[PDB]
Amino acid sequence: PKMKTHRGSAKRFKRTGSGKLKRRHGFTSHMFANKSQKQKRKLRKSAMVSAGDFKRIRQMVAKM
Amino acid sequence: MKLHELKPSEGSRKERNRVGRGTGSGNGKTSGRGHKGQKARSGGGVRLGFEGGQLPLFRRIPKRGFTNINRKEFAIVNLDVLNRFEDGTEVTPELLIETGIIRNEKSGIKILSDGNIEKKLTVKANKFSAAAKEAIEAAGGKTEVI
Amino acid sequence: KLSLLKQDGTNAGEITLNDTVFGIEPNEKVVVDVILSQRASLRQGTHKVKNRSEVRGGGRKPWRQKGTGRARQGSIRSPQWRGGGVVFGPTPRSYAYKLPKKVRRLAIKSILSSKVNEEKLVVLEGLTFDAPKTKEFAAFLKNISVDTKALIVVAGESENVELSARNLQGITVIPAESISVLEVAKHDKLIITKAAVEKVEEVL
Amino acid sequence: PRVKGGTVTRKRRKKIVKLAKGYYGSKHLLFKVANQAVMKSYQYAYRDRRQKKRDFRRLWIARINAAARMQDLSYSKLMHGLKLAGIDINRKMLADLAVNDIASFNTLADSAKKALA
RNA sequence: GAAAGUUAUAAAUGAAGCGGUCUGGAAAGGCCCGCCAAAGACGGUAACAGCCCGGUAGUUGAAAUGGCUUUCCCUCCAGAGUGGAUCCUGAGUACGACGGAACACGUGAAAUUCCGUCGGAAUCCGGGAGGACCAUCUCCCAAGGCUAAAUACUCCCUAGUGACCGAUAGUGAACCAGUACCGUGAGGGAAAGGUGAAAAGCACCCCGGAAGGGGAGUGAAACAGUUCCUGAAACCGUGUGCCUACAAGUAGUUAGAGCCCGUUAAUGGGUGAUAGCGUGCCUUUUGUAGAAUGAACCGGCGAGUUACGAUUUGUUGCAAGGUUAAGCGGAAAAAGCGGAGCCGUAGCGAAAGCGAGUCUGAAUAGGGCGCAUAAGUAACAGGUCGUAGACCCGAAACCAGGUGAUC
RNA sequence: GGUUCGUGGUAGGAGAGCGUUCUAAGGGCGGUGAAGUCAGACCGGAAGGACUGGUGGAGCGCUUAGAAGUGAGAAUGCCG
Ligand SMILES: [Mg+2]
Ligand SMILES: [Mg+2]
Ligand SMILES: [Mg+2]
Ligand SMILES: [Mg+2]
Ligand SMILES: [Mg+2]
Ligand SMILES: [Mg+2]
Ligand SMILES: [Mg+2]
Ligand SMILES: [Mg+2]
Ligand SMILES: [Mg+2]
Ligand SMILES: [Mg+2]
Ligand SMILES: [Mg+2]
Ligand SMILES: [Mg+2]
Ligand SMILES: [Mg+2]
Ligand SMILES: [Mg+2]
Ligand SMILES: [Mg+2]
Ligand SMILES: [Mg+2]
Ligand SMILES: [Mg+2]
Ligand SMILES: [Mg+2]
Ligand SMILES: [Mg+2]
Ligand SMILES: [Mg+2]
Ligand SMILES: [Mg+2]
Ligand SMILES: [Mg+2]
Ligand SMILES: [Mg+2]
Ligand SMILES: [Mg+2]
Ligand SMILES: [Mg+2]
Ligand SMILES: [Mg+2]
Ligand SMILES: [Mg+2]
Ligand SMILES: [Mg+2]
Ligand SMILES: [Mg+2]
Ligand SMILES: [Mg+2]
Ligand SMILES: [Mg+2]
Ligand SMILES: [Mg+2]
Ligand SMILES: [Mg+2]
Ligand SMILES: [Mg+2]
Ligand SMILES: [Mg+2]
Ligand SMILES: [Mg+2]
Ligand SMILES: [Mg+2]
Ligand SMILES: [Mg+2]
Ligand SMILES: [Mg+2]
Ligand SMILES: [Mg+2]
Ligand SMILES: [Mg+2]
Ligand SMILES: [Mg+2]
Ligand SMILES: [Mg+2]
Ligand SMILES: [Mg+2]
Ligand SMILES: [Mg+2]
Ligand SMILES: [Mg+2]
Ligand SMILES: [Mg+2]
Ligand SMILES: [Mg+2]
Ligand SMILES: [Mg+2]
Ligand SMILES: [Mg+2]
Ligand SMILES: [Mg+2]
Ligand SMILES: [Mg+2]
Ligand SMILES: [Mg+2]
Ligand SMILES: [Mg+2]
Ligand SMILES: [Mg+2]
Ligand SMILES: [Mg+2]
Ligand SMILES: [Mg+2]
Ligand SMILES: [Mg+2]
Ligand SMILES: [Mg+2]
Ligand SMILES: [Mg+2]
């Protein structure tokens with residue numbers, strides 16, 4: 001059988017033009033009174049999946 | 001080749017490694033696996049993204065976006081490809097499809113503006129970029145949308 | 001380029017062969033790859049053994065887990081038992097594979113040019129027999145000095161050619177669309193008539 | 001195809017059994033104890049091939065000392081005098097001379113005595 | 001119900017060397033000469049046979065019964081246009097509420113289909129669907145039934161095939177095997193092949209009650225004599241060359257006299273008084289001679305494999321391109337055909353979209369991701385990963401159908 | 001072919017090879033004795049390979065590739 005894509009991470013990651021994976025920051029749901037405006041302003045942008053995590057999660061999104 | 005002197009290309013074939021056949025090969029007793037863990041057992045190992053109990057990375061970042069059902073994606077043609085049709089020729093989607101430059105028109109043909117052209121052509125296309133627009137009309141040609 | 005013989009063993013003029021077919025520089029690695037590919041796709045692969053789940057019997061645990069002084073066992077059809085099942089062994093399986101089309105054309109091209117290089121290729125204008133007669137075929141093979149295994153390529157000339165040559169041990173006849181890399185390599189000489197040469201030039 | 005293991009195991013075990021000829025009891029009959037005996041014998045040979053040189057040098061030194069004490073000289077003084085006189089004869093040849101050419105040994109000892117004073 | 005043809009179930013005919021000679025128990029083998037071939041497949045015959053035998057290629061043959069294909073016989077048959085006033089076109093159903101299930105779809109924004117229970121239409125100026133629903137448009141007529149081929153499997157029969165096994169293997173079973181044996185029962189379930197070409201299977205004599213032997217005889221071989229080809233190791237003995245009854249020994253190794261031999265001939269072989277040094281193998285451990293584990297000994301068997309995907313390296317073909325899949329064709333071939341599809345050549349954005357750029361932003365600001373700064377793709381081989389028992393053996397336990405109150 | 005620096009090693013990484021069964025092609029030996037088996041004081045850096053003699057009584061190597069049921073001293077391992 002052909003191997004299956006991790007569907008839970010295909011909804012979170014995007015593949016860039018160089019093959020890397022682009023993600024979103026993760027402290028942006030519901031406690032905005034407890035974090036300052038600089039923090040909130042920087043958390044709303046996108047980020048990159050680091051090398052250590054990419055080593056681990058390559059297979060899961062191979063055909064995504 | 002005489003069938004008794006067959007010599008395959010050098011470096012194209014290697015010798016398979018067999019593990020667990022004595023200590024002289026370096027892959028003997030434990031067979032490249034170490035000593036007494038979960039990873040030393042038959043069929044043993046963790047999932048692809050398991051982290052031993054810590055929350056996986058994908059579950060501490062949020063989902064984003066939706067998918068459009070009516071998404072339209074066009075077949076992209078730059079300008080330098082057009083340089084190898086003789087001037088005065090009517091560039092039309094069927095000419096492109098049978099020239100082999102377009103494998104399949106996904107939702108139509110769009111002309112982009114990479115490269116330079118220098119010959120008078122009249123182009124038939126579904127969509128144009130502005131740069132490609134003045135690029136075609138600066139060589140005396142004309143562009144009309146099908 | 002070549003001398004054209006007849007069925008009688010004499011000369012009948014000259015024959016030219018297409019240079020792009022019989023005159024290229026052979027590519028030996030490609031030929032080796034295609035010979036291996038063609039010989040690997042001839043095998044049936046009808047072989048099988050029985051796991052520990054297919055040997056008849058089993059199920060019952062032979063004796064208790066503890067207290068009896070013997071080694072822990074779980075079935076009488078375990079791999080280390082005398083009548084037990086095989087661990088991995090063979091399974092029914094196919095071996096066929098094919099190389100890209102252009103490589104397979106270059107291989108026949110090269111192996112067919114190599115015969116011209118070694119002077120092992122014979123062209124004769126026509127080959128026909130009134131009735132099947134293996135004695136006459138042996139006499140013809142004696143007239144054209146071969147005295148070894150040969151592959152004769154024919155066309156729509158005479159069906160008696162094939163019948164009167166299947167008893168000779170090292171002789172094979174193919175009808176000019178069945179030409180193969182592994183058939184050409186398997187034999188020593190190569191006798192081909194003019195019409196067959198024309199067909200071979202047309203195809204490739 | 002199936003590869004049954006015939007003719008190859010016996011040939012390999014019989015060599016090890018043959019290497020242990022002359023060993024007491026079942027050490028020259030059974031493969032498992034013969035294997036260990038052969039391995040241990042190889043290790044012992046490797047070590048004694050180093051110890052042999054030391055043993056022979058000690059024997060030569062004792063023999064030279066015994067032969068030189070009859071000239072009213074220690075081994076220590078004799079060796080010092082020989083080095084100081086320029087003579088470069090090793091202990092093997094000196095022991096040979098001491099055993100069966102005692103006159104030449106006495107000559108060398110006299111030269112060593114000359115060198116010391 | 002007949003006629004014809006074909007086929008299945010017995011079979012007939014079928015070419016060419018007793019060729020010479022050597023070894024041999026025996027020629028099919030070696031050497032020197034001939035022939036047949038639409039027949040050089042296979043097996044047997046005193047060792048390896050195209051020309052010795054059964055046969056093989058080819059050509060023939062069916063009284064009888066069955067299958068198949070045509071033809072006759074036999075049987076049975078209305079189909080077009082125009083008006084369509086008026087009538088018909090599947091009722092306790094279609095739907096709806098409640099409770100469940102099937103749909104990739106877990107009640108969800110839940111269309112579609114089915115079951116139980118209640119309520120309950122319209123009927124051509126009619127009805128359903130197009131993923132809640134309404135309007136418009138498009139497509140289609142439920143609540144009756146039947147239908148070959150393309151597809152799945154093999155207890156069987158015929159003809160063959162194998163980089164499948166070769167008596168601990170291959171079916172549990174190559175042999176009177178689901179037998180012997182075990183259990184109240186359901187049920188579990190073995191071991192066991194080989195004289196020789198041909199029984200020519202040892203007439204007769206001797207020891208003995210017999211068995212068993214020693215001769216004799218047959219045979220190429222009896223050290224092939226009824227577990228009978230070969231006949232390893234553990235294990236049990238007989239004879240002898242060197243050593244051994246004042247010695248403390250993981251049994252050897254290094255030095256070494258004495259005695260006895262004579263080789264794949266080389267600074268050779270056997271045994272060794274005496275001297276120095278020396279606490280087995282494995283596993284698991286910070287650390288084992290370990291008073292921690294395993295093994296009585298010998299022999300056989302016994303553990304990283306295969307399929308389909310992912311990724312990276314090596315090799316080969318083509319190269320801004322590369323490549324076919326199912327299938328047709330054919331000899332369980334090789335070409336040829338097959339461009340549907342897949343990867344690459346353009347990215348950015350949640351998306352509309354823009355495009356060598358794009359997104360955020362009021363911004364021609366700054367910043368993120370990209371281009372400049374372009375090599376991919378098909379196949380094979382090595383490494384690793386995923387789904388599969390997935391490296392081999394090992395639980396206590398759980399569920400489903402049955403068999404047991406002869407204790 | 002030379003100069004310099006090196007060559008203890010468990011888990012482990014990398015490389016080069018020996019040997020077994022089968023297949024294809026070339027080329028061989030064998031009733032004037034094949035495989036197997038027994039004994040030797042021979043050869044190679046290792047895994048290993050020859051030669052000679054006895055027993056045996058009909059099959060077996062070599063070279064270049066290919067494919068694996070591919071090598072056992074231990075599992076209170078299974079069978080004899
Ligand atoms: Mg995108
Ligand atoms: Mg929010
Ligand atoms: Mg290797
Ligand atoms: Mg190691
Ligand atoms: Mg071990
Ligand atoms: Mg372990
Ligand atoms: Mg540990
Ligand atoms: Mg571990
Ligand atoms: Mg397991
Ligand atoms: Mg959210
Ligand atoms: Mg079972
Ligand atoms: Mg069970
Ligand atoms: Mg016990
Ligand atoms: Mg079995
Ligand atoms: Mg076999
Ligand atoms: Mg074995
Ligand atoms: Mg001794
Ligand atoms: Mg020293
Ligand atoms: Mg005949
Ligand atoms: Mg003869
Ligand atoms: Mg015989
Ligand atoms: Mg409902
Ligand atoms: Mg209902
Ligand atoms: Mg509707
Ligand atoms: Mg739809
Ligand atoms: Mg809709
Ligand atoms: Mg039906
Ligand atoms: Mg046997
Ligand atoms: Mg059996
Ligand atoms: Mg009973
Ligand atoms: Mg017999
Ligand atoms: Mg008697
Ligand atoms: Mg015998
Ligand atoms: Mg026999
Ligand atoms: Mg014996
Ligand atoms: Mg005393
Ligand atoms: Mg004494
Ligand atoms: Mg000696
Ligand atoms: Mg440790
Ligand atoms: Mg401890
Ligand atoms: Mg003790
Ligand atoms: Mg333990
Ligand atoms: Mg024990
Ligand atoms: Mg694995
Ligand atoms: Mg390439
Ligand atoms: Mg083909
Ligand atoms: Mg920017
Ligand atoms: Mg791979
Ligand atoms: Mg288990
Ligand atoms: Mg139950
Ligand atoms: Mg029940
Ligand atoms: Mg009852
Ligand atoms: Mg009662
Ligand atoms: Mg080292
Ligand atoms: Mg390695
Ligand atoms: Mg063999
Ligand atoms: Mg022999
Ligand atoms: Mg094995
Ligand atoms: Mg054992
Ligand atoms: Mg036992």
# chains A, B, ... in the order shown; residues from 1 in each chain; ligands from 1
>>> residues_near_ligand(ligand="ligand 37", cutoff="12 Å", atoms="only C-alpha atoms (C1' of nucleotides) and all ligand atoms", output="PyMOL selection string")
chain E and resi 244-247+273
>>> interface_residues(of="chain D", to="chain C", cutoff="12 Å", atoms="only C-alpha atoms", output="count of residues only")
3
>>> residues_around(residues="residue D:83", least_positions_apart="4", cutoff="10 Å", atoms="only C-alpha atoms (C1' of nucleotides)", output="MDAnalysis selection string")
chainID D and resid 77:79 87:89 112 115:116
>>> select_by_dssp(residues="stretch 6-38 of chain C", states="alpha helix (DSSP H)", output="list in words")
residues 19, 20, 21, 22, 28, 29, 30, 31, 32, 33, 34, 35, 36, 37 and 38 of chain C
>>> write_last_selection(atoms="N, CA and C atoms", output="PDB file, in the first residue's frame")
ATOM      1  N   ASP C  19      23.553   3.037 -42.365  1.00  0.00           N
ATOM      2  CA  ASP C  19      24.658   3.297 -41.455  1.00  0.00           C
ATOM      3  C   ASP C  19      24.172   3.602 -40.046  1.00  0.00           C
ATOM      4  N   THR C  20      23.003   4.228 -39.916  1.00  0.00           N
ATOM      5  CA  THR C  20      22.471   4.558 -38.601  1.00  0.00           C
ATOM      6  C   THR C  20      22.012   3.336 -37.823  1.00  0.00           C
ATOM      7  N   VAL C  21      21.934   2.172 -38.460  1.00  0.00           N
ATOM      8  CA  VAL C  21      21.486   0.943 -37.814  1.00  0.00           C
ATOM      9  C   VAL C  21      22.646  -0.020 -37.597  1.00  0.00           C
ATOM     10  N   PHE C  22      23.391  -0.330 -38.655  1.00  0.00           N
ATOM     11  CA  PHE C  22      24.467  -1.305 -38.592  1.00  0.00           C
ATOM     12  C   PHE C  22      25.839  -0.664 -38.450  1.00  0.00           C
ATOM     13  N   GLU C  28      28.253  -0.938 -24.725  1.00  0.00           N
ATOM     14  CA  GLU C  28      28.283  -2.272 -24.133  1.00  0.00           C
ATOM     15  C   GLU C  28      27.517  -2.332 -22.819  1.00  0.00           C
ATOM     16  N   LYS C  29      27.572  -1.265 -22.022  1.00  0.00           N
ATOM     17  CA  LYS C  29      26.866  -1.270 -20.747  1.00  0.00           C
ATOM     18  C   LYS C  29      25.361  -1.373 -20.950  1.00  0.00           C
ATOM     19  N   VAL C  30      24.832  -0.652 -21.936  1.00  0.00           N
ATOM     20  CA  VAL C  30      23.410  -0.733 -22.247  1.00  0.00           C
ATOM     21  C   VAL C  30      23.036  -2.144 -22.668  1.00  0.00           C
ATOM     22  N   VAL C  31      23.872  -2.772 -23.494  1.00  0.00           N
ATOM     23  CA  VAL C  31      23.586  -4.127 -23.954  1.00  0.00           C
ATOM     24  C   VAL C  31      23.569  -5.099 -22.784  1.00  0.00           C
ATOM     25  N   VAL C  32      24.516  -4.960 -21.857  1.00  0.00           N
ATOM     26  CA  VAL C  32      24.533  -5.836 -20.688  1.00  0.00           C
ATOM     27  C   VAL C  32      23.268  -5.649 -19.863  1.00  0.00           C
ATOM     28  N   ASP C  33      22.864  -4.394 -19.646  1.00  0.00           N
ATOM     29  CA  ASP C  33      21.657  -4.133 -18.867  1.00  0.00           C
ATOM     30  C   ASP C  33      20.434  -4.753 -19.518  1.00  0.00           C
ATOM     31  N   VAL C  34      20.310  -4.620 -20.837  1.00  0.00           N
ATOM     32  CA  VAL C  34      19.129  -5.145 -21.508  1.00  0.00           C
ATOM     33  C   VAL C  34      19.149  -6.666 -21.552  1.00  0.00           C
ATOM     34  N   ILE C  35      20.324  -7.282 -21.681  1.00  0.00           N
ATOM     35  CA  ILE C  35      20.388  -8.740 -21.614  1.00  0.00           C
ATOM     36  C   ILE C  35      19.959  -9.233 -20.241  1.00  0.00           C
ATOM     37  N   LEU C  36      20.427  -8.580 -19.178  1.00  0.00           N
ATOM     38  CA  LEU C  36      19.999  -8.977 -17.839  1.00  0.00           C
ATOM     39  C   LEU C  36      18.500  -8.784 -17.662  1.00  0.00           C
ATOM     40  N   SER C  37      17.967  -7.671 -18.164  1.00  0.00           N
ATOM     41  CA  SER C  37      16.537  -7.408 -18.063  1.00  0.00           C
ATOM     42  C   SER C  37      15.720  -8.455 -18.800  1.00  0.00           C
ATOM     43  N   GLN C  38      16.174  -8.869 -19.980  1.00  0.00           N
ATOM     44  CA  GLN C  38      15.419  -9.831 -20.769  1.00  0.00           C
ATOM     45  C   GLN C  38      15.533 -11.236 -20.207  1.00  0.00           C
TER      46      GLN C  38
END
>>> closest_residue(among="E:229, E:198, E:281, E:211", to="ligand 32", atoms="only C-alpha atoms (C1' of nucleotides) and all ligand atoms")
E:211
>>> atom_distance(atom1="atom CA of residue D:60", atom2="atom CA of residue D:97")
11.0 Å
>>> decode(residues="stretch 23-39 of chain D", atoms="N, CA, C and O atoms", output="mmCIF file, in the first residue's frame")
data_model
loop_
_atom_site.group_PDB
_atom_site.id
_atom_site.type_symbol
_atom_site.label_atom_id
_atom_site.label_comp_id
_atom_site.auth_asym_id
_atom_site.auth_seq_id
_atom_site.Cartn_x
_atom_site.Cartn_y
_atom_site.Cartn_z
ATOM 1 N N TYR D 23 46.356 -33.497 23.374
ATOM 2 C CA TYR D 23 45.801 -32.890 24.569
ATOM 3 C C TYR D 23 45.092 -33.943 25.407
ATOM 4 O O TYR D 23 44.572 -34.930 24.887
ATOM 5 N N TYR D 24 45.071 -33.722 26.718
ATOM 6 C CA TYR D 24 44.625 -34.753 27.641
ATOM 7 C C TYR D 24 43.134 -35.009 27.515
ATOM 8 O O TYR D 24 42.338 -34.081 27.381
ATOM 9 N N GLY D 25 42.762 -36.278 27.592
ATOM 10 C CA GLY D 25 41.364 -36.631 27.748
ATOM 11 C C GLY D 25 40.549 -36.280 26.531
ATOM 12 O O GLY D 25 40.903 -36.613 25.402
ATOM 13 N N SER D 26 39.435 -35.604 26.756
ATOM 14 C CA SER D 26 38.515 -35.266 25.687
ATOM 15 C C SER D 26 38.829 -33.934 25.039
ATOM 16 O O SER D 26 38.060 -33.483 24.191
ATOM 17 N N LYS D 27 39.921 -33.282 25.424
ATOM 18 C CA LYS D 27 40.294 -32.041 24.768
ATOM 19 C C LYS D 27 40.770 -32.262 23.347
ATOM 20 O O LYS D 27 40.902 -31.288 22.606
ATOM 21 N N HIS D 28 41.038 -33.502 22.953
ATOM 22 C CA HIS D 28 41.438 -33.811 21.590
ATOM 23 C C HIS D 28 40.375 -34.584 20.829
ATOM 24 O O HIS D 28 40.669 -35.126 19.763
ATOM 25 N N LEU D 29 39.152 -34.644 21.341
ATOM 26 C CA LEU D 29 38.077 -35.423 20.740
ATOM 27 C C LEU D 29 36.831 -34.615 20.440
ATOM 28 O O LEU D 29 36.194 -34.836 19.411
ATOM 29 N N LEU D 30 36.458 -33.694 21.320
ATOM 30 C CA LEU D 30 35.196 -32.981 21.231
ATOM 31 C C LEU D 30 35.438 -31.572 20.725
ATOM 32 O O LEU D 30 36.384 -30.910 21.152
ATOM 33 N N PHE D 31 34.581 -31.113 19.813
ATOM 34 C CA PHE D 31 34.837 -29.835 19.161
ATOM 35 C C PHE D 31 34.811 -28.683 20.149
ATOM 36 O O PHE D 31 35.621 -27.760 20.049
ATOM 37 N N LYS D 32 33.880 -28.700 21.096
ATOM 38 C CA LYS D 32 33.653 -27.512 21.911
ATOM 39 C C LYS D 32 34.815 -27.239 22.856
ATOM 40 O O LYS D 32 35.201 -26.084 23.041
ATOM 41 N N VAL D 33 35.383 -28.275 23.470
ATOM 42 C CA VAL D 33 36.528 -28.047 24.346
ATOM 43 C C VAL D 33 37.817 -27.930 23.545
ATOM 44 O O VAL D 33 38.746 -27.230 23.961
ATOM 45 N N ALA D 34 37.897 -28.590 22.391
ATOM 46 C CA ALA D 34 39.069 -28.443 21.537
ATOM 47 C C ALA D 34 39.190 -27.022 21.006
ATOM 48 O O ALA D 34 40.299 -26.498 20.886
ATOM 49 N N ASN D 35 38.066 -26.387 20.683
ATOM 50 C CA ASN D 35 38.089 -25.004 20.220
ATOM 51 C C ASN D 35 38.693 -24.081 21.270
ATOM 52 O O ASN D 35 39.574 -23.266 20.969
ATOM 53 N N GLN D 36 38.232 -24.199 22.513
ATOM 54 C CA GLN D 36 38.759 -23.362 23.583
ATOM 55 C C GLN D 36 40.227 -23.662 23.847
ATOM 56 O O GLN D 36 41.017 -22.745 24.097
ATOM 57 N N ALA D 37 40.611 -24.940 23.798
ATOM 58 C CA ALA D 37 42.008 -25.298 24.005
ATOM 59 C C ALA D 37 42.902 -24.698 22.932
ATOM 60 O O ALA D 37 43.979 -24.178 23.233
ATOM 61 N N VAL D 38 42.468 -24.749 21.674
ATOM 62 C CA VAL D 38 43.256 -24.191 20.581
ATOM 63 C C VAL D 38 43.376 -22.676 20.711
ATOM 64 O O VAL D 38 44.455 -22.106 20.509
ATOM 65 N N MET D 39 42.278 -21.998 21.051
ATOM 66 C CA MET D 39 42.342 -20.551 21.237
ATOM 67 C C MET D 39 43.310 -20.181 22.354
ATOM 68 O O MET D 39 44.140 -19.272 22.208
#
